[PDB]
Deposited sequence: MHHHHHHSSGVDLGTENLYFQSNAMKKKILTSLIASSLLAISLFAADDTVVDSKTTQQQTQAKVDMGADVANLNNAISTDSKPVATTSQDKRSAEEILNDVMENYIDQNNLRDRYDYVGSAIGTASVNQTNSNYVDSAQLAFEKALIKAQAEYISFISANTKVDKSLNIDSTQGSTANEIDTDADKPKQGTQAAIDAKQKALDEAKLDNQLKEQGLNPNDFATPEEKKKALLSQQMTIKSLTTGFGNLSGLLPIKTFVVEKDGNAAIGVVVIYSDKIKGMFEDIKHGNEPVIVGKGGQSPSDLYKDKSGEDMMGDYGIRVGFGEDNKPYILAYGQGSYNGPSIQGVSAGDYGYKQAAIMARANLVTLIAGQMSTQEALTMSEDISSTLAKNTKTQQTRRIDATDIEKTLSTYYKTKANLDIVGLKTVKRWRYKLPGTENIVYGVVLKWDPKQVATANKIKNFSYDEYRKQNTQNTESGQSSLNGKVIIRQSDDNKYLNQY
C-alpha cells in the first residue's frame, strides 16, 4: 500500500514556498541559511522516521547586475542542487588456458594490469573488489527512480541565487515507476488553493502526487520572466518541461546504469559521480513528452523592482 506517503507527498506539495526571508542583521551565508531551513524542515516533519533515506543539497549561480537573469540562474542552481543530491545518495549507497591466465584476462577486461599485482590472491581480490564497486554503483543508479524531491527553497544573497532541495528515497516510488513502465487523494488544481505567486517562488523540480481517483501524477514547476504574460508563461513551460526530461532520463535502464558504473570506476566520491551524471543528462536524447496540462499559472512582481516572474505547474500522466 502507498497509504502513508499519500498524505506525506500531497501535504509537501501544499506547503507554502515563499523566498526564504533574511533580515539585514542576519550574518549567515546563503549556504547556512539553506542548511538551517532544510534541517528544520527535515526535523519538524520527522522525515527520517518516515523514509529510509533523506538528503539535502544546495546549488548556487550568479545573477546579473540588474538581476534580470534571476529565473535562469535560479533554475541552473536547482539543477546543480538536484544532481548533487543524486550523487550523494549514490555515494551513500556505494559505501553501505591456465587459471592464472583466465584471471589475467578478467583483470584486463576491467582495465587493470596483471603486472601491477604479484600474487594470484592479490589479483583475485583486486578483481572481486572491482566487481563489488560496480555492483554498488549499479544498485545506486538503478534506485534513482525512487529518489524524489519533496521540498525546495530559494535564497538570494551576495549577487547569487541559491537553491536547496530536500530529497527522500522510496522503494514504492521506485516500484511504481517500474510498474508504470509496463505493468499497470485530491485534485492538483485543488492543492494550489489560494497559493499566491509569492508562495510558489521556491518551488523547483518535479513532485509526485495522487489525485481524487487514487492515481499518481507528476507535477513540474517552471518559471519565466520578460501583454508579456503570454511570453512568460510560455518560457515557464520550457523549464517545467526540461524538469520532466531530466526525471525521465534518471529512470535509466539496467544496462545504462552498468555503463555509467564501469565508466566511473576507471565509498566513492560524489564529486566524481556528479560530473559523470551531469554528462549523462546533457547527452541523453530527447523524447517528446505527451499530454502535458497546465494546472496553475501565477505571477509575482519582485518587491522594489519592476521585474515580474511568471510560473506554471504542469501535470504529466505516465
Missing stretches, numbered from 1 on the deposited chain sequence and kept in order: 1-64, 161-200, 289-296, 339-346, 387-398, 451-500
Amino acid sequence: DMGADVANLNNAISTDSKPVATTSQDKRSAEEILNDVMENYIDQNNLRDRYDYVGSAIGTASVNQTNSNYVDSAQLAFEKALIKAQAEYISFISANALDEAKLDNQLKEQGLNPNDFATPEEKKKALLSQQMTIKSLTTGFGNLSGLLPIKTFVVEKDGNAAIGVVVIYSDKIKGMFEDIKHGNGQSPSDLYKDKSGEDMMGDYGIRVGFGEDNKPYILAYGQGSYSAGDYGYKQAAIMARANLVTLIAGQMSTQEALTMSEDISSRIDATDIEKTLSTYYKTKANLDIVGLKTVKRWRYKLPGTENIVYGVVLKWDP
From here on, numbers count along this sequence of modelled residues.
Which is higher in the entry, the mean Cα B factor of 37-45 or that of 59-67? 59-67
Which has the higher mean CA temperature factor in the PDB entry, 271-279 or 286-294? 286-294
Out of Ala249, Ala30, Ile264, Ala257, residue topping the C-alpha B-factor column of the entry: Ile264
Based on the PDB entry, the highest CA temperature factor among the options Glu109, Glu156, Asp116, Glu79 is that of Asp116
Sorting the chain's modelled residues by C-alpha B-factor and splitting them into thirds places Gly197 in the middle
Third of the chain, ranked by Cα B-factor, where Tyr231 sits: highest
State the tercile, meaning the lowest, middle or highest third, of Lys215 with respect to the CA B-factors recorded for its chain. highest
For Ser136, return the chain-relative third of its C-alpha B-factor as stated in the PDB record: lowest, middle or highest. middle
Lowest, middle or highest third: where is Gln86 by Cα B-factor in its chain? lowest
